[PDB]
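*Asks:* Right, I'll just put the structure down here and ask away after.
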Amino acid sequence: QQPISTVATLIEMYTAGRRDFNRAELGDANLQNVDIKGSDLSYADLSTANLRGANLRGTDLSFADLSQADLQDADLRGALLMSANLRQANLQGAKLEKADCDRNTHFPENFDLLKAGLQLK
């Protein structure tokens, strides 16, 4: 195997039933409105990815680089965000209720974790 490095391939495999996309290199991927719920994206590079409206429910995004990702209106409910880098992510309208984080998750500056519904882990 190899880490996935293209949208086409990610989406082809995901509908093939694959869910391990550990270490995916998708740093500038256009993933607007995709449904990849339940995928393992831990350690992925999504640093300038367009994830607007994406369904990321129940995904494992631990250690992922989402530092300047566009997550507007994305669904992250139940996702694992421990040690993820969301430092300058656009989280407007994103749904984070019951997503899990830890002391090492880097959220944006004014981001209200309580109102967002985050859980510690």
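Chain labels A, B, ... are given in the sequence in which chains occur in the structure tokens; within each chain residues are numbered consecutively from 1, and ligands are likewise numbered from 1 in the order shown.
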Taking a cut-off of 7 Å and counting only C-alpha atoms, can you build a table that, for each residue of stretch 23-102 of chain A near stretch 2-13 of chain A, reports the nearest atom pair and how far apart they are in Å (one decimal), sorted by chain then residue number, as JSON lines?
*Replies:*
```
{"residue": "A:23", "atom": "CA", "partner": "A:3", "partner_atom": "CA", "distance": 6.0}
{"residue": "A:24", "atom": "CA", "partner": "A:4", "partner_atom": "CA", "distance": 5.0}
{"residue": "A:25", "atom": "CA", "partner": "A:5", "partner_atom": "CA", "distance": 4.8}
{"residue": "A:26", "atom": "CA", "partner": "A:5", "partner_atom": "CA", "distance": 5.9}
{"residue": "A:29", "atom": "CA", "partner": "A:7", "partner_atom": "CA", "distance": 6.5}
```
*Asks:* With C-alpha atoms kept, could you save the residues just selected as an mmCIF file, in the first residue's frame?
*Replies:*
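Result file out.cif:
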```cif
data_model
loop_
_atom_site.group_PDB
_atom_site.id
_atom_site.type_symbol
_atom_site.label_atom_id
_atom_site.label_comp_id
_atom_site.auth_asym_id
_atom_site.auth_seq_id
_atom_site.Cartn_x
_atom_site.Cartn_y
_atom_site.Cartn_z
ATOM 1 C CA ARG A 23 -1.324 10.014 6.373
ATOM 2 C CA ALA A 24 -3.200 11.110 3.245
ATOM 3 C CA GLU A 25 -1.426 13.956 1.436
ATOM 4 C CA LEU A 26 -4.385 16.166 0.488
ATOM 5 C CA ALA A 29 -7.362 19.066 -2.058
#
```
*Asks:* Can you tell me which residues surround residue A:112 at a distance of at most 12 Å, considering only C-alpha atoms, apart from same-chain residues fewer than 4 positions away, and format the answer as number ranges by chain?
*Replies:* A: 91-92, 96-97, 107-108, 116-118
*Asks:* Let me make sure I understand: among A:74, A:86, A:80, A:114, which one has the smallest atom-to-atom distance to residue A:45 if we use only C-alpha atoms?
*Replies:*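 For residue A:45, the nearest of the given residues is A:86.
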*Asks:* Excluding same-chain residues fewer than 3 positions from residue A:14, what lies within 10 Å of it counting only C-alpha atoms, as a PyMOL selection string?
*Replies:* chain A and resi 8-11+17-21+35-39
*Asks:* Go ahead and write the residues just picked, C-alpha atoms, as a compact mmCIF listing (two decimals), in the first residue's frame.
*Replies:*
```
# COMPACT_ATOMS: atom_id res chain seq x y z
CA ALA A 8 -10.04 10.95 -7.28
CA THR A 9 -8.34 8.05 -5.56
CA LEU A 10 -9.58 8.96 -2.07
CA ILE A 11 -13.20 9.04 -3.25
CA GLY A 17 -15.31 0.48 1.28
CA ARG A 18 -11.85 1.64 2.32
CA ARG A 19 -11.70 3.81 5.43
CA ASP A 20 -7.98 3.87 6.29
CA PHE A 21 -6.54 7.00 4.67
CA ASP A 35 -19.02 12.41 2.31
CA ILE A 36 -16.12 10.48 3.81
CA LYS A 37 -17.75 9.89 7.18
CA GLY A 38 -16.04 7.32 9.34
CA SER A 39 -12.66 7.56 7.56
```
*Asks:* Any idea what's packed within 7 Å of residue A:49, counting only C-alpha atoms, ignoring anything in its chain fewer than 6 positions away? Could you give it as a list in words?
*Replies:*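 The residues satisfying every condition are residues 26, 27, 28, 29, 30, 69 and 70 of chain A.
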*Asks:* Output N, CA, C and O atoms of each residue in that selection to a file, as a PDB file, in the first residue's frame.
*Replies:*
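And here's part.pdb as it stands now:
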```
ATOM      1  N   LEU A  26      -3.274  15.491   1.132  1.00  0.00           N
ATOM      2  CA  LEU A  26      -4.385  16.166   0.488  1.00  0.00           C
ATOM      3  C   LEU A  26      -4.320  17.652   0.816  1.00  0.00           C
ATOM      4  O   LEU A  26      -5.340  18.310   1.008  1.00  0.00           O
ATOM      5  N   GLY A  27      -3.091  18.186   0.915  1.00  0.00           N
ATOM      6  CA  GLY A  27      -2.900  19.508   1.500  1.00  0.00           C
ATOM      7  C   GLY A  27      -3.656  20.617   0.791  1.00  0.00           C
ATOM      8  O   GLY A  27      -4.065  21.598   1.420  1.00  0.00           O
ATOM      9  N   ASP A  28      -3.801  20.520  -0.521  1.00  0.00           N
ATOM     10  CA  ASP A  28      -4.557  21.513  -1.270  1.00  0.00           C
ATOM     11  C   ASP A  28      -5.762  20.872  -1.959  1.00  0.00           C
ATOM     12  O   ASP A  28      -6.278  21.387  -2.939  1.00  0.00           O
ATOM     13  N   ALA A  29      -6.296  19.798  -1.386  1.00  0.00           N
ATOM     14  CA  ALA A  29      -7.362  19.066  -2.058  1.00  0.00           C
ATOM     15  C   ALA A  29      -8.641  19.891  -2.098  1.00  0.00           C
ATOM     16  O   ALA A  29      -8.972  20.614  -1.145  1.00  0.00           O
ATOM     17  N   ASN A  30      -9.377  19.788  -3.202  1.00  0.00           N
ATOM     18  CA  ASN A  30     -10.756  20.285  -3.221  1.00  0.00           C
ATOM     19  C   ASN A  30     -11.675  19.122  -2.878  1.00  0.00           C
ATOM     20  O   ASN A  30     -11.944  18.254  -3.719  1.00  0.00           O
ATOM     21  N   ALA A  69      -7.408  25.013   6.782  1.00  0.00           N
ATOM     22  CA  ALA A  69      -8.468  24.382   6.008  1.00  0.00           C
ATOM     23  C   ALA A  69      -9.737  25.226   6.029  1.00  0.00           C
ATOM     24  O   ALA A  69     -10.035  25.915   7.004  1.00  0.00           O
ATOM     25  N   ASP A  70     -10.517  25.144   4.956  1.00  0.00           N
ATOM     26  CA  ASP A  70     -11.832  25.770   4.948  1.00  0.00           C
ATOM     27  C   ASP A  70     -12.839  24.708   5.359  1.00  0.00           C
ATOM     28  O   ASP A  70     -13.111  23.771   4.605  1.00  0.00           O
TER      29      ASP A  70
END
```
*Asks:* What separation in Å, quoted to one decimal, exists between atom CA of residue A:98 and atom CA of residue A:82?
*Replies:*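 That distance, rounded to one decimal, is 12.6 Å.
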*Asks:* Can you list every residue in chain A that DSSP puts in alpha helix (DSSP H), as a ChimeraX atom specification?
*Replies:* /A:7-15,113-116
*Asks:* Please dump the current selection as a PDB file, in the first residue's frame; keep N, CA and C atoms.
*Replies:*
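The result, written out as result_37.pdb:
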```pdb
ATOM      1  N   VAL A   7      -7.580  13.338  -4.749  1.00  0.00           N
ATOM      2  CA  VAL A   7      -9.010  13.294  -4.473  1.00  0.00           C
ATOM      3  C   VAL A   7      -9.651  12.111  -5.178  1.00  0.00           C
ATOM      4  N   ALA A   8      -9.431  12.012  -6.494  1.00  0.00           N
ATOM      5  CA  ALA A   8     -10.038  10.952  -7.281  1.00  0.00           C
ATOM      6  C   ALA A   8      -9.869   9.626  -6.579  1.00  0.00           C
ATOM      7  N   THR A   9      -8.642   9.342  -6.155  1.00  0.00           N
ATOM      8  CA  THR A   9      -8.340   8.050  -5.559  1.00  0.00           C
ATOM      9  C   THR A   9      -9.016   7.931  -4.195  1.00  0.00           C
ATOM     10  N   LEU A  10      -8.933   8.986  -3.375  1.00  0.00           N
ATOM     11  CA  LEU A  10      -9.579   8.957  -2.070  1.00  0.00           C
ATOM     12  C   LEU A  10     -11.049   8.565  -2.216  1.00  0.00           C
ATOM     13  N   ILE A  11     -11.772   9.264  -3.098  1.00  0.00           N
ATOM     14  CA  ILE A  11     -13.200   9.040  -3.253  1.00  0.00           C
ATOM     15  C   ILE A  11     -13.465   7.672  -3.879  1.00  0.00           C
ATOM     16  N   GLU A  12     -12.629   7.252  -4.832  1.00  0.00           N
ATOM     17  CA  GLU A  12     -12.828   5.928  -5.421  1.00  0.00           C
ATOM     18  C   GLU A  12     -12.711   4.848  -4.357  1.00  0.00           C
ATOM     19  N   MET A  13     -11.625   4.884  -3.588  1.00  0.00           N
ATOM     20  CA  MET A  13     -11.432   3.889  -2.548  1.00  0.00           C
ATOM     21  C   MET A  13     -12.540   3.989  -1.503  1.00  0.00           C
ATOM     22  N   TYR A  14     -12.862   5.209  -1.058  1.00  0.00           N
ATOM     23  CA  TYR A  14     -13.859   5.322   0.011  1.00  0.00           C
ATOM     24  C   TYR A  14     -15.144   4.610  -0.397  1.00  0.00           C
ATOM     25  N   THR A  15     -15.587   4.810  -1.643  1.00  0.00           N
ATOM     26  CA  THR A  15     -16.776   4.081  -2.033  1.00  0.00           C
ATOM     27  C   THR A  15     -16.483   2.619  -2.307  1.00  0.00           C
ATOM     28  N   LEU A 113     -15.046  26.756  22.726  1.00  0.00           N
ATOM     29  CA  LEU A 113     -15.159  25.299  22.693  1.00  0.00           C
ATOM     30  C   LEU A 113     -16.440  24.822  23.358  1.00  0.00           C
ATOM     31  N   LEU A 114     -16.904  25.521  24.400  1.00  0.00           N
ATOM     32  CA  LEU A 114     -18.121  25.104  25.079  1.00  0.00           C
ATOM     33  C   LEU A 114     -19.320  25.246  24.161  1.00  0.00           C
ATOM     34  N   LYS A 115     -19.467  26.414  23.537  1.00  0.00           N
ATOM     35  CA  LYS A 115     -20.605  26.614  22.650  1.00  0.00           C
ATOM     36  C   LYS A 115     -20.556  25.632  21.488  1.00  0.00           C
ATOM     37  N   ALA A 116     -19.356  25.333  20.987  1.00  0.00           N
ATOM     38  CA  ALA A 116     -19.200  24.359  19.914  1.00  0.00           C
ATOM     39  C   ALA A 116     -19.585  22.937  20.316  1.00  0.00           C
TER      40      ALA A 116
END
```
*Asks:* What's the 7 Å shell around stretch 63-67 of chain A, counting only C-alpha atoms, without same-chain residues fewer than 6 positions away, as a short mmCIF file (atom, residue, chain, number, x, y, z; two decimals) with N, CA and C atoms, in the first residue's frame?
*Replies:*
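What landed in around.cif:
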```cif
data_model
loop_
_atom_site.label_atom_id
_atom_site.label_comp_id
_atom_site.auth_asym_id
_atom_site.auth_seq_id
_atom_site.Cartn_x
_atom_site.Cartn_y
_atom_site.Cartn_z
N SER A 42 -6.07 10.17 10.27
CA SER A 42 -5.12 10.60 11.28
C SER A 42 -3.80 10.90 10.58
N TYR A 43 -3.13 11.94 11.05
CA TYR A 43 -1.88 12.43 10.49
C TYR A 43 -2.01 12.93 9.07
N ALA A 44 -3.22 13.13 8.56
CA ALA A 44 -3.36 13.65 7.20
C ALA A 44 -2.87 15.09 7.07
N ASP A 45 -2.39 15.43 5.87
CA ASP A 45 -2.13 16.82 5.51
C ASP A 45 -3.37 17.33 4.81
N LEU A 46 -4.13 18.18 5.48
CA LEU A 46 -5.26 18.90 4.92
C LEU A 46 -5.08 20.40 5.10
N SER A 47 -3.84 20.88 5.03
CA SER A 47 -3.51 22.18 5.61
C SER A 47 -4.19 23.34 4.91
N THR A 48 -4.37 23.28 3.59
CA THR A 48 -5.12 24.31 2.89
C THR A 48 -6.25 23.69 2.08
N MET A 82 -7.99 15.05 18.56
CA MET A 82 -6.93 15.20 19.53
C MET A 82 -5.65 15.49 18.79
N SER A 83 -4.92 16.50 19.26
CA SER A 83 -3.65 16.92 18.69
C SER A 83 -3.77 17.38 17.24
N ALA A 84 -4.97 17.68 16.78
CA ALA A 84 -5.13 18.24 15.44
C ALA A 84 -4.82 19.73 15.45
N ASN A 85 -4.36 20.22 14.30
CA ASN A 85 -3.97 21.61 14.12
C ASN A 85 -5.04 22.30 13.29
N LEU A 86 -5.87 23.10 13.95
CA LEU A 86 -6.95 23.87 13.35
C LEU A 86 -6.75 25.36 13.61
N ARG A 87 -5.47 25.76 13.72
CA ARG A 87 -5.13 27.07 14.28
C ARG A 87 -5.77 28.22 13.51
N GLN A 88 -5.82 28.14 12.16
CA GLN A 88 -6.44 29.23 11.39
C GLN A 88 -7.52 28.68 10.48
N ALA A 89 -8.12 27.58 10.88
CA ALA A 89 -9.20 26.99 10.09
C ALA A 89 -10.42 27.88 10.12
#
```
*Asks:* What lies within 6 Å of residue A:102 using only C-alpha atoms, ignoring chain neighbours under 3 positions off, as a PyMOL selection string?
*Replies:* chain A and resi 82+105+120-121
*Asks:* Any chance you could export the current selection's N, CA and C atoms as a PDB file, in the first residue's frame?
*Replies:*
```pdb
ATOM      1  N   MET A  82      -7.994  15.051  18.556  1.00  0.00           N
ATOM      2  CA  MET A  82      -6.928  15.203  19.528  1.00  0.00           C
ATOM      3  C   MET A  82      -5.647  15.493  18.787  1.00  0.00           C
ATOM      4  N   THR A 105      -4.959  19.809  20.885  1.00  0.00           N
ATOM      5  CA  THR A 105      -5.700  20.317  19.734  1.00  0.00           C
ATOM      6  C   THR A 105      -5.571  21.838  19.699  1.00  0.00           C
ATOM      7  N   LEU A 120     -13.683  16.622  25.935  1.00  0.00           N
ATOM      8  CA  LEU A 120     -12.277  16.351  26.198  1.00  0.00           C
ATOM      9  C   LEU A 120     -11.987  14.856  26.102  1.00  0.00           C
ATOM     10  N   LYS A 121     -10.764  14.537  25.681  1.00  0.00           N
ATOM     11  CA  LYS A 121     -10.241  13.175  25.677  1.00  0.00           C
ATOM     12  C   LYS A 121      -8.717  13.219  25.796  1.00  0.00           C
TER      13      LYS A 121
END
```
